[PDB]
Every structure is written in structure tokens, then in C-alpha cells.
Amino acid sequence: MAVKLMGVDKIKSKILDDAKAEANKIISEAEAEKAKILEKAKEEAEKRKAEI
């Protein structure tokens, strides 16, 4: 019941770690799934004709 005031390291680390985490999870979850579907789709689609 006193972390708000006495806790600059928490609030300063919250938004910091939070914001950085959002951009850190979006860069990985993206390049990952992307490079996954890009190689998986391009392949399965290439080998397996008829996709529509």
C-alpha cells in the first residue's frame, strides 16, 4: 500500500519493460510466423497445385 510513491524503479521499469517487450514480441512473433508461412505456404502451394 506504498509501492506507488516509493517505487520509481518499478514504474520506470514497467512502461520501459512493457513497451520494449511489446516491440520485442512483435518483431519475433512476426519474422517467425512470417518466415514460417512464407516457406510453408510457398512450398505446400508449389508442390500441391490448385489452391484458389
# chains A, B, ... in the order shown; residues from 1 in each chain; ligands from 1
>>> select_by_dssp(residues="chain A", states="helix (DSSP H, G or I)", output="ChimeraX atom specification")
/A:8-47
>>> closest_atom_pairs(of="segment 13-32 of chain A", to="segment 38-50 of chain A", cutoff="12 Å", atoms="only C-alpha atoms", output="CSV")
residue,atom,partner,partner_atom,distance
A:30,CA,A:38,CA,11.3
A:31,CA,A:38,CA,9.9
A:32,CA,A:38,CA,9.8
>>> decode(residues="segment 25-37 of chain A", atoms="N, CA, C and O atoms", output="PDB file, in the first residue's frame")
ATOM      1  N   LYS A  25       8.277  -8.624 -28.802  1.00  0.00           N
ATOM      2  CA  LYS A  25       7.432  -9.788 -29.041  1.00  0.00           C
ATOM      3  C   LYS A  25       6.766  -9.705 -30.410  1.00  0.00           C
ATOM      4  O   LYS A  25       6.329 -10.715 -30.961  1.00  0.00           O
ATOM      5  N   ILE A  26       6.694  -8.495 -30.956  1.00  0.00           N
ATOM      6  CA  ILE A  26       6.084  -8.281 -32.262  1.00  0.00           C
ATOM      7  C   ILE A  26       7.091  -8.510 -33.383  1.00  0.00           C
ATOM      8  O   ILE A  26       6.720  -8.861 -34.504  1.00  0.00           O
ATOM      9  N   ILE A  27       8.369  -8.311 -33.074  1.00  0.00           N
ATOM     10  CA  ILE A  27       9.430  -8.498 -34.055  1.00  0.00           C
ATOM     11  C   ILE A  27       9.763  -9.976 -34.228  1.00  0.00           C
ATOM     12  O   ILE A  27      10.142 -10.415 -35.314  1.00  0.00           O
ATOM     13  N   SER A  28       9.619 -10.740 -33.150  1.00  0.00           N
ATOM     14  CA  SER A  28       9.907 -12.169 -33.181  1.00  0.00           C
ATOM     15  C   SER A  28       8.697 -12.956 -33.677  1.00  0.00           C
ATOM     16  O   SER A  28       8.807 -13.771 -34.593  1.00  0.00           O
ATOM     17  N   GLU A  29       7.544 -12.704 -33.064  1.00  0.00           N
ATOM     18  CA  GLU A  29       6.314 -13.390 -33.443  1.00  0.00           C
ATOM     19  C   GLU A  29       5.981 -13.140 -34.911  1.00  0.00           C
ATOM     20  O   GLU A  29       5.248 -13.909 -35.533  1.00  0.00           O
ATOM     21  N   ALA A  30       6.526 -12.059 -35.459  1.00  0.00           N
ATOM     22  CA  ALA A  30       6.290 -11.708 -36.855  1.00  0.00           C
ATOM     23  C   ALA A  30       7.246 -12.454 -37.779  1.00  0.00           C
ATOM     24  O   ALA A  30       6.832 -13.321 -38.546  1.00  0.00           O
ATOM     25  N   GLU A  31       8.528 -12.109 -37.698  1.00  0.00           N
ATOM     26  CA  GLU A  31       9.543 -12.747 -38.530  1.00  0.00           C
ATOM     27  C   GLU A  31       9.445 -14.266 -38.440  1.00  0.00           C
ATOM     28  O   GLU A  31       9.757 -14.976 -39.395  1.00  0.00           O
ATOM     29  N   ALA A  32       9.007 -14.758 -37.285  1.00  0.00           N
ATOM     30  CA  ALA A  32       8.866 -16.192 -37.070  1.00  0.00           C
ATOM     31  C   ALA A  32       7.727 -16.763 -37.909  1.00  0.00           C
ATOM     32  O   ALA A  32       7.960 -17.492 -38.873  1.00  0.00           O
ATOM     33  N   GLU A  33       6.497 -16.428 -37.535  1.00  0.00           N
ATOM     34  CA  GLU A  33       5.323 -16.910 -38.253  1.00  0.00           C
ATOM     35  C   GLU A  33       5.434 -16.605 -39.744  1.00  0.00           C
ATOM     36  O   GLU A  33       5.113 -17.443 -40.586  1.00  0.00           O
ATOM     37  N   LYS A  34       5.891 -15.399 -40.063  1.00  0.00           N
ATOM     38  CA  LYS A  34       6.046 -14.982 -41.451  1.00  0.00           C
ATOM     39  C   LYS A  34       6.955 -15.944 -42.211  1.00  0.00           C
ATOM     40  O   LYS A  34       6.529 -16.589 -43.168  1.00  0.00           O
ATOM     41  N   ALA A  35       8.206 -16.036 -41.776  1.00  0.00           N
ATOM     42  CA  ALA A  35       9.173 -16.923 -42.413  1.00  0.00           C
ATOM     43  C   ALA A  35       8.692 -18.369 -42.387  1.00  0.00           C
ATOM     44  O   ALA A  35       9.189 -19.214 -43.131  1.00  0.00           O
ATOM     45  N   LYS A  36       7.720 -18.649 -41.524  1.00  0.00           N
ATOM     46  CA  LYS A  36       7.170 -19.993 -41.401  1.00  0.00           C
ATOM     47  C   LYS A  36       6.115 -20.250 -42.473  1.00  0.00           C
ATOM     48  O   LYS A  36       6.185 -21.242 -43.199  1.00  0.00           O
ATOM     49  N   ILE A  37       5.143 -19.350 -42.567  1.00  0.00           N
ATOM     50  CA  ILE A  37       4.077 -19.479 -43.552  1.00  0.00           C
ATOM     51  C   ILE A  37       4.582 -19.159 -44.955  1.00  0.00           C
ATOM     52  O   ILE A  37       4.071 -19.682 -45.946  1.00  0.00           O
TER      53      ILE A  37
END
